[PDB]
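**Q** Any chance you can model this:
(one chain, ligands or ions: 3)
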Amino acid sequence: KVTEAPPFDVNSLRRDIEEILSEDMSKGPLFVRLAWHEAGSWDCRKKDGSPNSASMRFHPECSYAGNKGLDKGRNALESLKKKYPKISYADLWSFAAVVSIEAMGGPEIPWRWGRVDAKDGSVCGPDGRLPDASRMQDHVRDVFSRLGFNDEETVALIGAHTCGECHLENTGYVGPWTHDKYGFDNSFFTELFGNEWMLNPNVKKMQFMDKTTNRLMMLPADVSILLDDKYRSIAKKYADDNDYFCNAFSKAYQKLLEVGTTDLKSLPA
Ligand code: HEM
Ligand code: NA
Ligand code: NA
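**A** Numbers count the residues shown, from 1 in each chain. Ligands and ions are numbered 1, 2, ... in the order given. Okay, here it is:
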């Protein structure tokens, strides 16, 4: 459709977002959580939640349980915003996530610019939009169905737990999903199937740890892919073919960063 050079140097910003990661690879996954959290307020029946507008900059959305710790995300981008002031926060967040999935070795995800920032909290959809980790496949399905994803998409997207880790101080959940949390591959689904999960007695919010090492963790929501026959099957394929996986995630995540958007423009070469 519409291709246009954007009002910022996209290859200078790419290069800087990558520079941010080299000094601190812990921002990569965090950057992927923030864009997702900025997309996941959406309702495709209700056409609301203000997804992909950096509405999370405002109250009440900034204060919701599911978005705790994401200030580190926003603050870690506030200087690239000074240095590239013709970029909306919504473009900067979605672009930093896309770059961060490339850097950690995942797929190169097609990215279009044109997102327009909420200028106050009044378009801020309600809470309970973000998924509850403490819940199971029926809640998971209820959320990603309101967001507009199929079962293939939902499981692909939750694949993102392949990178990053949970923080006591953020969600009272603790530790990484894989032994390579700065890598983005299908090893979430690897580690899911190729372990025995068991209660972690040491954490007040119910989570699972791996029998082998006790170093990996899984959320009730995560382990619900194994209990849910449908999710299980797809989870199997992704565990078995990182490419079906890496292709699945690329299209799903791009769709996530463009739910509730119009007038987006392709980058030229
Ligand atoms: C039912 C669905 C999901 C639930 C319940 C869930 C829950 C969680 C929780 C509790 C954390 C830890 C937050 C923290 O303490 O720092 C987390 C981390 C993360 N999640 Fe999700 N999530 C889900 C789906 C997704 C999706 C769709 C993505 C990306 C598309 C994603 C990407 C991440 C990433 C990258 C992190 C790591 C954050 C960091 O390392 O700083 N999750 N998720
Ligand atoms: Na939003
Ligand atoms: Na990895």
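**Q** Can you show me the helices along the stretch 151-269 of the chain?
**A** Per DSSP state H, counting those that start in this stretch, the stretch 151-269 of the chain carries helices over the ranges 151-158, 168-171, 187-193, 220-227, 229-240, 242-258.
**Q** Around residue 1, how many other residues sit close by?
**A** Burial measure for residue 1: 7 neighbouring residues, criterion other C-beta atoms under 10 Å. Where C-beta positions appear, they are placed from N, C-alpha and C, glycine not excepted.
**Q** returning to that earlier point: between the helices of the stretch 151-269 of the chain, which gets nearest to ligand 2?
**A** Closest to ligand 2 of those is helix 242-258 (C-beta to the ion; 11.5 Å).
**Q** Show me what that closest one is packed up against.
**A** Using 3 or more C-beta pairs under 8 Å, 6 or more residues apart in numbering; DSSP states H and E as the contact test, the elements touching helix 242-258 are helix 27-39, helix 89-103, helix 151-158, helix 229-240.
**Q** Centre of the chain to it, how far?
**A** On the basis of C-alpha atoms, centre = their mean, to the nearest Å, helix 242-258 is displaced by 11 Å from the centre of the chain it belongs to.
**Q** quick one: that helix to helix 89-103, angle?
**A** Interaxial angle of helix 242-258 relative to helix 89-103 (axes from the mean of the first three to the mean of the last three C-alpha atoms, to 10 degrees): 170 degrees.
**Q** Which single residue of this structure ends up nearest ligand 1?
**A** Among all residues of the chain, residue 164 sits closest to ligand 1, at 2.2 Å; criterion: C-beta to the nearest ligand atom.
**Q** so what's that residue closest to, chain neighbours aside?
**A** Closest residue to residue 164 in three dimensions, ignoring its sequence neighbours and counting by C-beta to C-beta, 6 or more residues apart in numbering: residue 29, at 2.6 Å.
**Q** burial of that neighbour, as a residue count?
**A** Residue 29 has 24 neighbouring residues, counting by other C-beta under 10 Å.
**Q** roughly how far apart are it and ligand 3?
**A** In this structure, residue 29 and ligand 3 are separated by 10 Å, where distance is defined by C-beta to the ion, to the nearest Å.
**Q** so that residue touches residue 165, yeah?
**A** Yes: look at residue 29 against residue 165 with C-beta atoms under 8 Å: they come within range, at 7.4 Å.
**Q** Need the residues touching each of the two.
**A** Common neighbours of residue 29 and residue 165, counting by C-beta atoms under 8 Å, 6 or more residues apart in numbering, are residue 181.
**Q** Count the residues that sit near residue 103.
**A** So residue 103, with other C-beta under 10 Å, has 20 neighbours.
**Q** Pull the contacting residues for it.
**A** Going by C-beta under 8 Å, 6+ apart, residue 103 touches 17, 18, 21, 28.
**Q** Report the spatially nearest residue to the first one, omitting neighbours in sequence.
**A** Just to be clear, that refers to residue 17. The shortest distance from residue 17 to any residue other than its chain neighbours is 4.3 Å, reached at residue 99 (C-beta to C-beta, 6+ apart).
**Q** again with the last one
**A** Once flanking residues are discounted, residue 28 sits nearest to residue 100: 4.1 Å by C-beta to C-beta, 6+ apart.
**Q** Just want to check the distance between the one you found and residue 249.
**A** Note on residue 100: its distance to residue 249, by C-beta to C-beta, to the nearest Å, is 13 Å.
**Q** Return the residues of the stretch 101-250 of the chain in contact with ligand 1.
**A** Neighbours of ligand 1 within the stretch 101-250 of the chain, by C-beta under 6 Å from any ligand atom: 131, 133, 140, 157-158, 160-161, 163-167, 170-171, 173, 219, 221.
**Q** for ligand 3, what are the nearby residues on the chain?
**A** Listed as neighbours of ligand 3 in the chain under the rule C-beta under 5 Å from the ion: 180, 183, 185, 187.
**Q** again, only using 8 Å
**A** Listed as neighbours of ligand 3 in the chain under the rule C-beta under 8 Å from the ion: 104, 105, 162, 163, 178, 180, 181, 182, 183, 184, 185, 187.
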